[PDB]
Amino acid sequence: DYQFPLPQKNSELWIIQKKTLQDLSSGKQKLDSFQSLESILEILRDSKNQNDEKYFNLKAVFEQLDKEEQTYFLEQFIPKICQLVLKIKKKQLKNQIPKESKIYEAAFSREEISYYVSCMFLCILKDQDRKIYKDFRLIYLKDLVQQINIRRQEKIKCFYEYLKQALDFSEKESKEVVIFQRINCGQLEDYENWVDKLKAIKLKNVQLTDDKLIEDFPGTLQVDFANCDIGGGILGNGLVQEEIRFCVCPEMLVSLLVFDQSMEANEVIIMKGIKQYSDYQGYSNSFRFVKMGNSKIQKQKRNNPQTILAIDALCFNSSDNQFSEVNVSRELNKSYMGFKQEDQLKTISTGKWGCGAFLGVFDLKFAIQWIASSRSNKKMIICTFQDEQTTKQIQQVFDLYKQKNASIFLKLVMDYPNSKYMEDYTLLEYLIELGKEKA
């Protein structure tokens, strides 16, 4: 059972940090330049030596601010997040692996979350014995590759926006509860077990969207396409589906502090109470922070909490047989164990799960997710991410197989690779051909 150390755990270093934090917070010490801020960060990191690449990306963000916000940043924001850190009472955070069919729940007030993200912003979250850090130090550091520095800068913009919002929390918002759950879902079911269980299951409703994203569907169980280490590359270079979600919803960062151990095959993570603080455009290299406006939709994203399911798909290489009984049952288990959580959210918002960085074939991952949402007795919204061809194929498959037997469907899918259709047809195209023939 691991306890992630907070700054007070190191009693000696804390004595040093606390005084600096107090000086800044009280105005006793006032930052007159970004260079004075670097000196502060160095003290807080217990560093005696630095170069001018150590804070390069933070400086780049600072230098994009106008004169007035630059002054605000040095004279108000930094002092104010120092004061947030000074409100922390805990000395460590428990990282517990739940027993079979049990849950480890870690609950926080919305303001407490902002204390920890402030710690990340000031680079003071580290386990020195393990030589592990859970803060923004790498994001601040200059990389050789320009595109990587831009990614890191845009992350900083999102986190900065979130912290400015947190500093303005009303009493009511500050006290709201955010919940992280690591859920052990019990015994995995093997392929033949699945084949048998599905005999009683009919395929349920699917809605397709080609132009909206998962986070555009409030009041659903929204899927995070997770790494088995929750958060993936958020504290480094990563900027695909999971990392972008953490960027626009930085409260999710606290999951890093309580779920150190990789998710097992029969575990899933649930996050509740999560709000969205930034908007964005682009993806990966083209990702850019966008300040949220005051449209009804944007206000709702900022003000209405959502519940997120984090499930890690298999990370495939190009020669892996994704249609193996072993690999299909793995994904059926993972998706079903996740989808069946929070049974009051009768609709799943998902998409190309495991089919980007993890190299999954979406035809198959759609089928697996459909079987899983169907067995959970839930509806599914599938985001195709501007893939018109796939949208049309899935629509036709849905129309042909809706309400049909899920076990029969599963077996049909599993026969694809060795069928006479494999060379000239994709899985979806195969299903369409077969389904039409049945007619």
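Start at 1 with the first residue shown and count on from there.
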{"item": "Stretch with the greater mean C-alpha B-factor as recorded in the entry, comparing 123-131 against 208-216", "value": "123-131"}
{"item": "Per the entry, higher mean C-alpha B factor between 162-170 and 307-315", "value": "162-170"}
{"item": "Top Cα B factor in the deposited entry, candidates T71, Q341, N321, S118", "value": "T71"}
{"item": "Third assignment of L21 from its chain's C-alpha B-factors", "value": "middle"}
{"item": "Third of the chain's Cα B-factor distribution that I103 belongs to, per the entry", "value": "highest"}
{"item": "CA B-factor placement of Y416, once the chain's modelled residues are sorted into thirds", "value": "middle"}
{"item": "Ranked against its chain, the third holding the CA B-factor of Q393", "value": "middle"}
{"item": "Ranked C-alpha temperature factor of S329 among modelled chain residues, by third", "value": "lowest"}
